[PDB]
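Below is one structure; the comments refer to it alone.
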Amino acid sequence: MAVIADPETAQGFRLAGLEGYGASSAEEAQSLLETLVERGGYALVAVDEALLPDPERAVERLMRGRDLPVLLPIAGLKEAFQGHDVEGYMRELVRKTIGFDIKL
Amino acid sequence: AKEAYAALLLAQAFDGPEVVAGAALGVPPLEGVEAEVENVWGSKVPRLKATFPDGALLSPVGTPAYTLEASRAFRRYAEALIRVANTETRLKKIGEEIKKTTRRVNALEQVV
Amino acid sequence: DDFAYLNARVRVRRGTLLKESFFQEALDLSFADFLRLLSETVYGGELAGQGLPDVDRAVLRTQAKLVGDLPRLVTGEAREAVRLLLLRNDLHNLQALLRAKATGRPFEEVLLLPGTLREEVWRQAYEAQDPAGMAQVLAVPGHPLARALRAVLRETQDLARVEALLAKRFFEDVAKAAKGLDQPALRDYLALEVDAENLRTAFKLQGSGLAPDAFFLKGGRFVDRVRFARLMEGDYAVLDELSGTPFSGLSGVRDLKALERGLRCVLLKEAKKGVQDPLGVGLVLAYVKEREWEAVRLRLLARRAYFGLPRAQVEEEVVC
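Chains as they are written, first to last, in the numbering used here: chain S, 309 to 412; chain F, 15 to 126; chain Y, 53 to 372.
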């Protein structure tokens with residue numbers, strides 16, 4: 309289980325035990341994500357919200373192998389002290405699903 | 015997340031950064047977490063469960079007092095994270111199957 | 053040797069301290085106002101640029117420049133007494149160093165936060181044939197850590213239980229040196245610190261249900277072994293039984309965060325009585341503890357200004 313979320317606050321995730329990496333540059337984080345989907349880091353990668361909205365497209369390009377490395381947008385900490393916009397996140401997830409701006 | 019981030023900031027705050035740095039580089043990597051079967055619609059989607067070496071504290075006579083409470087908070091964080099993970103991938107699979115069925119209906123009707 | 057020659061520099065250092073209104077003004081900033089207020093502070097001389105790790109390194113260097121000299125320039129029994137003030141950082145450094153030696157990681161992998169010994173000795177102690185040889189490499193004349201390692205070294209070579217017994221014997225040797233010193237204030241301060249650490253360990257071992265007699269230590273004055281067993285069990289009435297002692301407000305609190313907050317408040321209140329002896333060494337330890345509390349509060353204010361914590365989120369951190 310690996311994360312790419314923060315420069316220093318990923319040490320709390322390491323303090324949970326679960327491994328990770330932080331770079332605060334998008335392309336070295338994505339390159340360690342690339343060696344993390346080659347050497348599969350135990351099936352979970354949690355990626356920062358306000359650094360990568362969609363982490364999955366480049367990863368399914370550079371690996372059409374199956375979705376055992378699961379990719380989540382995990383929340384940035386600073387924006388976590390604002391408000392999650394749970395509603396708008398589910399709006400963009402449903403519009404990523406079927407395109408429609410239909411609201412459940 | 016608000017609980018765990020506030021506890022982590024306050025724990026690296028009242029103590030030093032170096033104590034939690036060496037502590038976090040001391041913790042075992044919590045490995046063997048893997049993904050097993052949810053075969054449904056004839057489609058195995060991987061749900062995730064961990065292994066959690068948690069109660070075996072690293073020599074549980076521990077001198078910092080806010081590392082362990084923060085570590086319990088981040089284990090609760092990992093709990094909620096894997097719950098959101100194995101719900102989110104199932105929602106994605108059912109959405110793409112709706113897209114498959116819909117393009118199959120429209121193709122089959124408006125062609126054959 | 054001279055308990056007043058160091059106390060003169062201690063009073064000069066205590067004259068250069070931030071007020072409570074400096075922390076009250078830090079409740080409303082944007083970390084640039086906090087950076088400007090830190091530039092006017094005495095700690096700002098080590099301030100290189102902007103950023104949270106730069107401010108943390110500047111605070112650490114300022115603490116080492118303002119408190120680290122008091123471990124030096126002392127002689128004899130005064131040096132041996134003042135050695136038992138900045139002992140927790142060196143103990144944590146030695147504990148994580150023994151953990152790394154039992155782990156096998158790189159010697160440059162450790163952080164090695166500043167203590168009271170030479171860093172070249174800690175570098176040479178990374179590779180050692182025996183733990184007694186590592187203790188002899190790290191052997192100072194009056195440091196109790198070397199004698200504690202020599203005492204607890206007759207169990208095994210390197211174990212995690214050996215490290216736990218080393219920490220317990222380090223606290224016990226601090227209590228024994230406090231009993232063996234001619235200082236009416238620092239002995240009671242260290243005894244209250246040991247009792248609060250035992251109560252914190254009883255809180256941190258709640259739910260384990262194991263044998264607390266191995267977990268408990270000796271040296272306290274406000275707690276009992278039956279009281280330690282009642283604190284190991286889920287009995288907050290024993291925490292209500294601490295009447296008349298320094299744990300006055302500490303009663304019926306089940307939250308470990310609030311328990312450690314009340315313990316730190318009681319410790320700061322006990323160290324605030326250290327200004328009673330203006331000729332001994334307790335005023336210097338009081339100034340050291342006040343600078344440590346101010347530095348922890350400055351690190352908390354820096355984390356709050358970095359990640360945008362509310363003033364209500366830090367209102368439980370500025371009570372004392």
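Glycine included, each C-beta is placed from N, C-alpha and C at the ideal position.
In the DSSP assignment, Y/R206 falls outside any alpha helix (DSSP H), carrying neither H nor E. Around S/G349, the same chain offers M309, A310, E327, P377 as residues with beta carbons nearer than 8 Å, after the five sequence neighbours per side are excluded. Shown here for F/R89: same chain residues with a beta carbon closer than 7 Å to its own, the five before and five after excluded, namely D68 in chain order.
The alpha-carbon separation between Y/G301 and Y/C317 amounts to approximately 10 Å.
In chain F, no part has a C-beta under 9 Å from the C-beta of Y/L81; the shortest such distance is about 16 Å. Considered as a whole, the segment 264 to 347 of chain Y harbours 264 to 267, 277 to 284, 288 to 292, 308 to 324 as its complete alpha helix (DSSP H) runs of no fewer than 4 residues, in chain order. Residue contact check for Y/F359 against chain F: a CB pair falls below 8 Å. Under DSSP, F/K58 takes part in a beta bridge, and its partners are F/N53.
Of the candidates F/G46, F/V33, F/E111, F/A25, the residue whose Cα lies closest to the Cα of F/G56 is F/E111. Taking 7 Å as the cut-off between beta carbons, the residues of the segment 379 to 392 of chain S near chain Y are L385, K386, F389, in sequence order. Of the residues assessed, S/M398 falls on the exposed side of the cut-off, its CB having fewer than 16 other CB atoms within 10 angstroms. Boundaries of the beta strand (DSSP E) around S/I312: 310 to 312.
Taking a beta-carbon distance threshold of 8 Å, S/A354 counts as an interface residue toward chain F. Judged by DSSP in its simplified three-state form, S/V402 adopts helix. Under the Cβ criterion of 8 Å, S/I312 is not counted among the residues facing chain F. Counting only runs of at least 3 residues, the segment 312 to 400 of chain S fully encloses the following beta strand (DSSP E) elements, listed from N- to C-terminal order: 352 to 356, 378 to 382. Contact with chain F is absent for S/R399, since none of that chain's Cβ atoms lies less than 8 Å from the residue's Cβ. The three-state secondary structure of S/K411, taken from DSSP, is coil.
Each residue's CA atom was taken as its position, placing Y/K228 and F/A84 some 33 Å apart. The distance from the Cβ of Y/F223 to that of Y/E249 is about 7 Å, consistent with a contact at the 8 Å cut-off.
In the DSSP assignment, F/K63 forms a beta bridge with F/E48. In this structure, the straight-line span from the alpha carbon of S/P381 to that of Y/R282 is close to 46 Å. Of the residues Y/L146, Y/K153, Y/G156, the one whose Cα lies closest to the Cα of Y/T168 is Y/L146. DSSP places Y/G67 in the uninterrupted alpha helix (DSSP H) bounded by 57 to 67. Remark: C-beta atoms of Y/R343 and F/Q26 do not approach each other more closely than 8 Å.
Burial check for Y/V162: the Cβ neighbour count within 10 Å reaches 16 or more, so the residue is buried. DSSP, read as helix, strand or coil, puts F/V33 in helix. Interface with chain Y (8 Å Cβ-Cβ cutoff): F/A27 is included.
Closest option to Y/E215, judged by alpha-carbon separation, among Y/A152, Y/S303, Y/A243: Y/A152. Residue-level contact check: Y/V275 does not touch chain F, since none of the beta carbons of chain F fall below 8 Å from its beta carbon.
One thing to note: S/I312 has its Cβ within 8 Å of the Cβ of S/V355.
Inter-segment contact for the segment 330 to 347 of chain Y and the segment 117 to 130 of chain Y is present: three or more beta-carbon pairs are separated by less than 8 Å.
Taking 8 Å as the threshold, the shortest C-beta distance from F/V41 to chain Y does not fall below it. Ranked by how close their Cα comes to the Cα of F/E93, the residues S/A324, S/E336, S/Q390 have S/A324 in first place. A direct Cα-to-Cα measurement between Y/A198 and Y/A100 gives close to 37 Å. Spatial neighbours of S/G384 in its own chain (CB-CB distance under 8 Å, excluding positions within 5 residues in sequence) are listed in chain order as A313, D314, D356, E357, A358, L359.
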